[PDB]
Protein chains: 2
Amino acid sequence: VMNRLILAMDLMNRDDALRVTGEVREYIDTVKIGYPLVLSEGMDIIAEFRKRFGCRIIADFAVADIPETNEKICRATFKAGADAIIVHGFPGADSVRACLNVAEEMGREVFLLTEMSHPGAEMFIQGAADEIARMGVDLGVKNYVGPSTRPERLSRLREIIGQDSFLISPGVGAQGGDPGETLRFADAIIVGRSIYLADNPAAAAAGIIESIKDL
Amino acid sequence: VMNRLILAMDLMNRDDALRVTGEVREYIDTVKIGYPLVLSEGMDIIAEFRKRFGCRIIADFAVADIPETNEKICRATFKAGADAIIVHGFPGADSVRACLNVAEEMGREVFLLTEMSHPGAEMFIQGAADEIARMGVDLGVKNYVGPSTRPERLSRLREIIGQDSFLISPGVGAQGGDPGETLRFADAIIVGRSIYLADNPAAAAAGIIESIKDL
Ligand SMILES: Nc1cc(=O)[nH]c(=O)n1[C@@H]1O[C@H](COP(=O)(O)O)[C@@H](O)[C@H]1O
Ligand SMILES: Nc1cc(=O)[nH]c(=O)n1[C@@H]1O[C@H](COP(=O)(O)O)[C@@H](O)[C@H]1O
């Protein structure tokens, strides 16, 4: 990913989302779009972004249903032009395999979310996260998401998935994570509010990239 | 809920979704709409259904993100006219409280999903489900979802949440659950494919209601 930085575009207005992404485009080449933007503006926003910016799009849909429904969600998401989808591992292996099957059929990718970045992840998810990551390895998952807010957990995840898997990490900036520390273990960092709520998003992105280039 | 039956409308085409819901409307008064329909047809389909059928709409969005994102998802979902939203408990209490806060602000309801109905739920979710339900009780959640496919787990959930909480249950029909057994513990059952894939959905719904009225 360009500069190892993925923009989390969670503004809920098409005009604002387009303006901020355009302003930071020279620093990124992957945008993560989630339900805040899609539920406000529609699935067509994915193809619009892909066309206007020529970026890769990761659909952060935190997919977390039964296998049949997960299949339908993945099929709608890739039909809309997303390059990859983020899927929860907590619902178990059949739910994840449903997503992997559709990604195989459509030439796309699944990212497995293993431990979440927020405080509540400590309640249930963290205790399952090593096993979720091991399940990923055993299903042949090659792309993973783990938390910037806990780099010792990010280290342990990297250890489970090995050096050839690709690992991206949210929770940088607003949630407390550090870019440079997170990039010791992740291949790329995801940044939302620290860029898109900034008075000058391009300067915010540039400042992050500057602290990165040093590593 | 009319006849204790909620239709899970997971067809992905507006025309087919409208036709089946119209055909079964005399038997239900609550429709659960999830991402298969919304990601195909847009969020406007919720208001369309609410207007055309005068039903209550539960948005099955399996919400499973960090608190800030959950807030945004809930706000978009209620702005679109949904009466209630389904939220995962696995991400922990802060994520659930974010949804409860928005439902309080907008005069709407949250359903907490506690154990899922599919086989993979046995891997991680089932081991956490009693505690997720207890967390719900301690947050003041009054509406819950638990699995028709495991009525001994549905009994244990009912025991945790008490008799005054409202409990709805998917996995009836296609996934193997039985209407009458599930209604020993749940207030209402959710049915999707057994109705909407039937040659005659009205006859399928009627046949279910007939086996219900007996209880
Ligand atoms: N999918 C996620 C899983 C996760 O564990 N934490 C996380 O923040 N996210 C998403 O990453 C982004 C973090 O953005 P920010 O905290 O940098 O604003 C938001 O889209 C979150 O929904
Ligand atoms: N949200 C759900 C949680 C769950 O545990 N199981 C379940 O099937 N669902 C949903 O209920 C419906 C079950 O439909 P069917 O199996 O009756 O076709 C589908 O919308 C599933 O996504």
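In the annotation of the PDB entry, chain A is listed under the name Orotidine 5'-phosphate decarboxylase and assigned to Methanothermobacter thermautotrophicus. Checking UniProt for chain A, the heading Function contains the comment "Catalyzes the decarboxylation of orotidine 5'-monophosphate (OMP) to uridine 5'-monophosphate (UMP)."

Caption draft 1: How the structure looks around the pairing of strand β2 (residues 30–34) of chain B. Residues and elements named next belong to chain B. Here β2 lies mainly inside the structure; 5 of its 5 residues are buried. What you see with β2 is no split at all: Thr30, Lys32 and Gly34 on one side and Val31 and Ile33 on the other are buried throughout. Inspection of the sheet shows strand β1 (residues 5–9) paired to β2 by 3 bridges, in the parallel sense. Note that in β2 the partner of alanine 8 across the bridge is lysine 32. Handedness of the crossover joining β1 and β2 through helix α1 (residues 14–24) is recorded here as right-handed. Inspection of the sheet shows β2 paired to strand β3 (residues 56–63) by 5 bridges, in the parallel sense. Residue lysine 32 lies in a different strand from β3, and its bridge partner there is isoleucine 58.

Caption draft 2: Inspection of the sheet that holds β2(B) at higher detail. All names here are of chain B. Sheet architecture is closed into a barrel: 8 strands sit in the order β1-β2-β3-β4-β5-β6-β7-β8, paired in parallel fashion. When strand polarity is set aside, the average angle formed by the axes of neighbouring strands in this sheet is 25°. In terms of strand pairing, strand β7 (residues 166–169) meets strand β8 (residues 188–191) through 2 bridges, oriented parallel. Bridging across to β8, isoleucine 168 finds its partner in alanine 188. Each of β1 and β2 is contacted by α1, which is oriented at about 170° to β1, the strand it contacts most. Here helix α4 (residues 67–79) sits on the sheet and contacts β3, β4 (84–88) and β5 (109–113); the angle it forms with β4, its principal contact strand, is near 160°.

Caption draft 3: Highlighting the relation of the copies chain B and chain A. Superposing chain B onto chain A takes a rotation of 180° plus a shift of 0.0 Å along the axis, which leaves an RMSD of 0.0 Å. In short, the pair behaves as if placed about a two-fold rotation axis. Proximity to the rotation axis, assessed at the C-alpha, singles out B:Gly42 in chain B; its C-alpha lies 3.0 Å from the axis.

Caption draft 4: Spatial organisation of unusual backbone geometry. Phi at A:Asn3 takes a positive value of approximately 65°, unusual for a residue other than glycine. Residue classification places A:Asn3 among the partly exposed positions, given a relative accessible area of 25%.

Caption draft 5: Quick look at the interface of chain B and chain A. Listed as interface residues are 45 residues of chain B and, on the opposing side, 45 residues of chain A. For the pair chain B and chain A, the summed buried surface comes to about 3,200 Å²; carbon and sulfur atoms form 72% of the total. Looking at the side of chain B facing chain A, the largest losses of area belong to B:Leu39, B:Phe90 and B:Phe124, adding up to 21% of the total buried there. Run the count over chain B and chain A and you get 2 salt bridges. A salt bridge links B:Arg193 to A:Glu68, with the nearest nitrogen and oxygen atoms 3.6 Å apart. Those elements that provide at least two residues to the side of chain B that touches chain A are α2 (35–41), β3, α4, α5 (93–106), α6 (125–139) and α9 (193–196) of chain B. Tallying contributions element by element places α4(B) first for the side of chain B that touches chain A, with 7 residues.

Caption draft 6: Expanded view of the packing of aromatic side chains. Residue and element names in this part refer to chain A. Counting across every chain of the model gives 10 aromatic pairs over all chains. Between the aromatic rings of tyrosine 35 and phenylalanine 61, the centroid separation amounts to 4.2 Å while the plane-to-plane angle is 10°, which identifies the pairing as stacked. You can see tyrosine 35 sitting in helix α2 (residues 35–41) and its partner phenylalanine 61 sitting in strand β3 (residues 56–63), a full 26 residues away along the chain. Take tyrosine 35: its relative accessible area is 4%, and that puts it in the buried class. By relative accessible area, which is 3% here, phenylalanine 61 ends up buried. Ring centres of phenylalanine 111 and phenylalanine 166 lie 6.0 Å apart, and the angle between their planes is 70°; on these two criteria the pair is classed as edge-to-face. Of the two residues, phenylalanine 111 is situated in strand β5 (residues 109–113) and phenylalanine 166 in strand β7 (residues 166–169); the sequence distance between them amounts to 55 residues.

Here is what the cut-offs are and how they apply
- The residue numbering used throughout counts from 1 along each chain in the order its sequence is written. It may not match the entry numbering, and residues with no coordinates are not shown.
- All chains are assigned letters beginning at A, and all ligands numbers beginning at 1, according to the order in which they are written.
- Heavy atoms throughout the structure, all of them, feed into the side-chain values; hydrogens and water do not.
- UniProt positions are given in the numbering used here, feature names are shortened, and annotations may be inferred rather than shown by experiment.
- Relative accessible area decides the class of each residue, using a 1.4 Å probe on protein chains only: under 20% of the type maximum gives buried, over 50% gives exposed, and in between gives partly exposed.
- In this description a helix means any DSSP run of H or I spanning at least four residues, a strand means any run of E spanning at least two, and both kinds are numbered starting from the N terminus.
- In this scheme, strands are said to pair when DSSP sees at least two bridges between them.
- The handedness rule is simple: strands pointing away from the viewer, and a clockwise path from the first strand over the helix to the second, make the crossover right-handed.
- In this description, a line fitted to the C-alpha atoms serves as the axis of each element, helices being fitted only across the stretch in contact, and the angle between N-to-C directions of two axes falls anywhere from 0 to 180 degrees.
- Here a residue-residue contact requires only that any non-hydrogen atoms of the pair lie within 4.5 Å.
- Copy-to-copy alignment rests on a least-squares fit of C-alpha positions.
- Buried area: the sum, over both parts, of the accessible surface (1.4 Å probe) that disappears when the two are put together.
- One speaks of a salt bridge when a side-chain nitrogen belonging to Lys or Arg is within 4 Å of a carboxyl oxygen belonging to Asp or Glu.
- Aromatic pairing here means that ring centres of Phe, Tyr or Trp (its six-membered ring) are within 6.5 Å. Orientation follows from the plane angle: under 30 degrees is stacked, over 60 is edge-to-face, and everything else is tilted.

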